[PDB]
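Here's the structure we're looking at; comments come further down.
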Amino acid sequence: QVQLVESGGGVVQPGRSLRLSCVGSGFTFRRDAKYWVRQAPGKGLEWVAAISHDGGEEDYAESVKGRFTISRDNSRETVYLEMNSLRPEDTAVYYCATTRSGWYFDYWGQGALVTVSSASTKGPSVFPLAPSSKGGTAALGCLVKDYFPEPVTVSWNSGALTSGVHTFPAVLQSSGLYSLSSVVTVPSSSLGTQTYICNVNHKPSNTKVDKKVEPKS
Amino acid sequence: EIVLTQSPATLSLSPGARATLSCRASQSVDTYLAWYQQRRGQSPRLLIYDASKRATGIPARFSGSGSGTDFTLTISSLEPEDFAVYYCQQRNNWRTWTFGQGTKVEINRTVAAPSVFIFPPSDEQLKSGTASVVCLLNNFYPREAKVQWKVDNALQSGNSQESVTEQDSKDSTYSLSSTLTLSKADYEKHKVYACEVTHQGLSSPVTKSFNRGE
């Protein structure tokens, strides 16, 4: 089967460089052009770079020309993207792709995530979203604030509570740190007797927090 | 030189129903048009190329048509995985590949008003000099919703951020969190914190509030 496998993603500081790699298998790598297409968080697809079958021709998007270099090594069935002078707006998932005729992106890799930021790794503070305790439905949650980089995971009661949970996408603050909330709806009659604990894990910082959330005095 | 426009940007349709998506090119691209599907959390895949040809292995429910500037993608019966984002694509002048901005196909359902909850900052957070006030809009449909923050009746603009979940796998609703950020010093200068929500399911806006300290 046609397969493309990317590697080399990560967190990089603005102005620095990163090289992405994409290895093909299951087809004749040298026959056709190769491409990189990226998707910034929450945005659409943007073609970045193209290289002809034998590397004799390279094309780039205007946003990326001069700073990025596409290259290939057909003897290793690999195509590369060398990303220099990285800018915050280069943060995206980068997909490698291959073509049959040059018109279209017939096959796609799995993506490599590139995050461009001057923020330092930092685990979150976890604050309670305490239930009001005032249909008999209450809401409670955890505010997972000021962490970098993504991702964080949140469970409730160590996985024993899944119904009614909503863990929201993180927002990026102007500080460069992320914040997100995780909430759950539960019966208000349970608030005095049932313990609710959010389990937060931020693996990049080796930060794990279990926060019990209860009605405030 | 060539712009692809996908409109409408969101289609709300029922499971098992027919869908037709539109791509319009600003000038003719003849039949050199492709469509991609991006399923939730997955890479894009090619569905249709040369306007009407199905890529190898693609299910027979996908079809396409058009020539010149007006193109369509048809899904004869929407399967669960087809609630996805679809992009059209063209290539001009041999060296420029461009995409439309995408159309999201979402699950249509009956209108549901949000249940609304407001959360004060915790005392623990206030120790560090910042206050986060959170408003939750739970399990609503359709997606369009407006949150307005007020602090002692002063409308807040510019100092909040919102996030929305993907459509729920069981009830096809959305939920939304809005966080108002203030300094501790400012938080302690005011009494009434309110989140006002406007939604098609509400006959009039709903406000949830608290009085600091009470």
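Worth knowing before you read on, the calculation uses all heavy atoms, side chains too, and leaves out hydrogens, waters and symmetry mates. Throughout, a chain's letter reflects where its sequence line sits, starting with A, and its residues are numbered from 1.
Using a 3.5 Å distance cut-off with no hydrogens or angles, the side chains of B/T165 and A/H166 do not pair a donor with an acceptor. When only modelled atom types and interatomic distance are considered, B/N139 and B/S175 share a side-chain donor-acceptor pair under 3.5 Å. Counting only N and O atoms by type, the side chains of A/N84 and A/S17 include a donor and acceptor under 3.5 Å apart. In this model, no donor atom of one side chain and acceptor atom of the other lie less than 3.5 Å apart for B/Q101 and A/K43. Side-chain atoms of A/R100 and B/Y49 include a donor-acceptor pair closer than 3.5 Å. In this structure, a donor-acceptor pair under 3.5 Å is absent between the side chains of B/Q37 and B/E81.
The salt bridge (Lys or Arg N to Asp or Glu O under 4.0 Å) test applied to B/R91 returns no partner, not counting sequence neighbours. Taking B/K208 as the reference, nothing meets the side-chain hydrogen bond (donor to acceptor under 3.5 Å, both in side chains) condition, with sequence neighbours excluded.
Using a 4.5 Å heavy-atom cutoff, the side chains of A/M83 and A/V12 are not in contact. Side-chain contact between B/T10 and B/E106 is present, with at least one heavy-atom pair separated by less than 4.5 Å. Here the side chains of A/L140 and A/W156 are in contact, with some heavy-atom distance below 4.5 Å. B/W35 has its side chain out of reach of B/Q89: every pair of non-hydrogen atoms, C-beta onward, lies at least 4.5 Å apart. In this structure, B/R18 and B/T74 have side chains that are in contact, with non-hydrogen atoms separated by less than 4.5 Å. In this structure, A/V186 and A/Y196 have side chains that are in contact, with non-hydrogen atoms separated by less than 4.5 Å. Counting only heavy atoms from C-beta outward, the side chains of A/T98 and A/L4 approach each other to under 4.5 Å. Side-chain atoms of A/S117 and A/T91, non-hydrogen and from C-beta on, never get closer than 4.5 Å to each other.
No cation-pi contact links B/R39 to B/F83, judged by a cut-off of 6.0 Å to the six-membered ring centre and 45° from its axis. Geometrically, A/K34 engages A/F29 in a cation-pi contact, judged by NZ or CZ lying under 6.0 Å from the ring centre and within 45° of the ring axis.
Under a 3.5 Å cut-off, the side chain of B/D152 and the backbone N or O of B/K191 do form a donor-acceptor pair. When atom types are taken as modelled, the side chain of B/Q167 and the backbone of B/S172 share a donor-acceptor pair closer than 3.5 angstrom.
A/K216 has no carboxylate O lying under 4.0 Å from a charged side-chain N of B/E124, or vice versa, which leaves the two without a salt bridge. Remark: A/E150 does not engage A/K203 in a salt bridge, criterion side-chain N to carboxylate O under 4.0 Å. At a threshold of 4.0 Å, the pair A/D90-A/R38 counts as salt-bridged, since one of the basic side-chain nitrogens sits closer than that to a carboxylate oxygen. Using a cut-off of 4.0 Å between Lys/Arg side-chain N and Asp/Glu carboxylate O, A/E82 and A/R19 are scored as not salt-bridged. Between B/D171 and B/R109, no side-chain nitrogen of the basic residue sits less than 4.0 Å from a carboxylate oxygen of the acidic one, so the salt-bridge criterion is not met.
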Stepwise ring pair (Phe, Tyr, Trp, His ring centres under 6.0 Å) test for B/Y86 and B/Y36: CA-CA 6 Å; B/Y86 298 79; B/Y36 302 87; over 10 Å; no
Ring pair (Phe, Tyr, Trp, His ring centres under 6.0 Å) between A/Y95 and A/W108: does it pass, once the steps are laid out? CA-CA 7 Å; A/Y95 297 100; A/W108 298 62; 5.8 Å; yes
Should A/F105 and B/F99 be marked as a ring pair (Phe, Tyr, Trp, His ring centres under 6.0 Å) after you check the CA-CA gap, both sets of side-chain angles, and the distance that decides it? CA-CA 11 Å; A/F105 305 109; B/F99 294 90; 5.8 Å; yes
Checking B/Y193 against B/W149 for the ring pair (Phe, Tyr, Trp, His ring centres under 6.0 Å) test, could you report, in this order, the C-alpha distance in whole Å, the side-chain angles of both residues, the deciding distance, and whether it holds? CA-CA 8 Å; B/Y193 291 79; B/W149 283 103; 8.3 Å; no
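Of the residues listed (A/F148, A/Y147, A/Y178), the one engaging A/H202 in a ring pair (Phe, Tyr, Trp, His ring centres under 6.0 Å) is A/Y147, and it is the only one.
By the 30° and 60° cut-offs, the orientation of the rings of B/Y187 relative to B/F210 is tilted. Ring geometry for B/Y174 versus B/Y141: interplanar angle under 30°, hence parallel rather than tilted (30 to 60°). Taking the six-membered ring where the residue is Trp, B/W97 and A/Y35 present perpendicular rings, their angle passing 60° and hence far from 30°.
Counting non-hydrogen atoms of other residues, nucleotides and ligands closer than 6.0 Å to CD of A/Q1 gives a total of 12 or fewer.
The shortest non-hydrogen separation linking A/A170 to A/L180 is CA-CB, 3.8 Å.
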Determine all donor-acceptor pairs shorter than 3.5 Å in which one atom belongs to a side chain in residues 126-133 of chain B; sequence neighbours excluded.
{"unit_1": "B/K127", "atom_1": "NZ", "unit_2": "B/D123", "atom_2": "O", "d": "2.7"}
{"unit_1": "B/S128", "atom_1": "OG", "unit_2": "B/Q125", "atom_2": "O", "d": "2.6"}
{"unit_1": "B/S132", "atom_1": "OG", "unit_2": "B/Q125", "atom_2": "NE2", "d": "2.9"}

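Taken from CD in B/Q90 to OG1 in B/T98, the straight-line distance is 4.0 Å, to the nearest 0.5 Å.
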